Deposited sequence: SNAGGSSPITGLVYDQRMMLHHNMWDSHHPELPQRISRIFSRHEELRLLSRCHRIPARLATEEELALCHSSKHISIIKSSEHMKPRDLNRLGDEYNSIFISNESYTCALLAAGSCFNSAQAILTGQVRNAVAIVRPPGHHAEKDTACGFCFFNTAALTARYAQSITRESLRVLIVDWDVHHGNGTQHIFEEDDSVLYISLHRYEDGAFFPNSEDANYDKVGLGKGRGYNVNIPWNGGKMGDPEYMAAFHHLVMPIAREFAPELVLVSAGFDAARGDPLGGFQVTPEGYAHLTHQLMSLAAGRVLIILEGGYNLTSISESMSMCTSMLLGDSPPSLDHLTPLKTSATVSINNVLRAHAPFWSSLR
């Protein structure tokens, strides 16, 4: 009954060499790690080693062009790093970025392998840079390679090709790259909750709306839960899990759960504007633990208030370790009722549980 934990200080080497205060900070991961130490969660976990992803593994989801361009940045002079970063939507690059992206993905592969070999029941991955905005062919939104999507394909590569992987993306932003990578796929169920604001919120695409349900054999296996016009928090997220996430997930019957666990919907985040609490994140984690015989891998995505992400992800690890769910302190914001009902209208044709 072991919980794994992967953390490697070398992932702090990725940095913004022009803006030391850019919110995707190296100390995001060291702060989360430190809070696990203070709460004495670290010694209750088995340490899973980091490793570099291989180029062959990156090619599970990304084009060889994209791999080669990010790879080339390791030897790039500052002016060229600045210019290359500016060719993407919201990317900064340093000479260490490629290696850190490789480390984040490989750390998650090792964690998924530890779960799927029965060496640990579940695991938490304290990694950066994040992944869920990265597309097959391009970097986006602080993300170079799509760690969670690659981990889903990696898991299938060591088990069977059609292994049912659920990805729950509770980062406040839509994971455009994860949706696109699996949009035609019925073996990977993508469920995202995100601030949407009728397409005005990053990443600024109507691809994130509730009516994008998947394509081809993937029709029904893409679930977007978009928030509009309100400061959403625990009641809205609990209601979305109750009416949507958990009924769909149970019907899908995943063999592995990956959480694209951004903590930028947390109270205090400078970018998300929401107010999910650490206790809320613990309850979402505990609900997901009922799936896939407990095989849950929690993967850090966004989240930019250092205190908020440290308390929030530590509470998630406490849940993985088997601790009792904390006590939770309200009627939904009206637009959140509308959002949930819109998703129910979009997906009840595909899911008998709805």
In sequence order, which deposited residues have no C-alpha?
1 to 7, 337 to 338, 364
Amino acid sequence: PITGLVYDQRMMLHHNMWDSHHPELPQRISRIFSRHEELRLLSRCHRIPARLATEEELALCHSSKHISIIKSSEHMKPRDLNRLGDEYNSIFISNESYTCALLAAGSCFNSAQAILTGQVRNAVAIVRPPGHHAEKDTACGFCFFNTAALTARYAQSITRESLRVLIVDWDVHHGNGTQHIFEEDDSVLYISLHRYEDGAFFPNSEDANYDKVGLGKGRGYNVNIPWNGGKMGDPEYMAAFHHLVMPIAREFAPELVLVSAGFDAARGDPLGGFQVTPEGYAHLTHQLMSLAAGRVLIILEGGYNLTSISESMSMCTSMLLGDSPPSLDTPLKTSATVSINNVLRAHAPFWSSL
From here on, numbers count along this sequence of modelled residues.
Is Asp329 without coordinates in at least a third of the other compared PDB entries of this protein that model the residues flanking it?
yes
Of 55 to 63 and 298 to 306, the one with larger mean CA B-factor:
55 to 63
Mean C-alpha temperature factor, higher of 112 to 120 and 72 to 80:
72 to 80
Among the choices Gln179, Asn89, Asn224, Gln156, identify the one whose CA B-factor in the record is greatest.
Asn89
Name the one of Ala125, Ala240, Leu166, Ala105 with the greatest CA B-factor according to the PDB entry.
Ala240
Third of the chain, ranked by Cα B-factor, where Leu42 sits
middle
Entry-reported C-alpha B-factor of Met315 relative to its chain, by third, is middle
Looking at the entry's B-factor column for C-alpha atoms only, identify whether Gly131 ranks in the lowest, middle or highest third of its chain.
lowest
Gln27's Cα B-factor: lowest, middle or highest third of the chain?
middle
For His174, does the deposited CA B-factor place it in the lowest, middle or highest third of the chain?
lowest
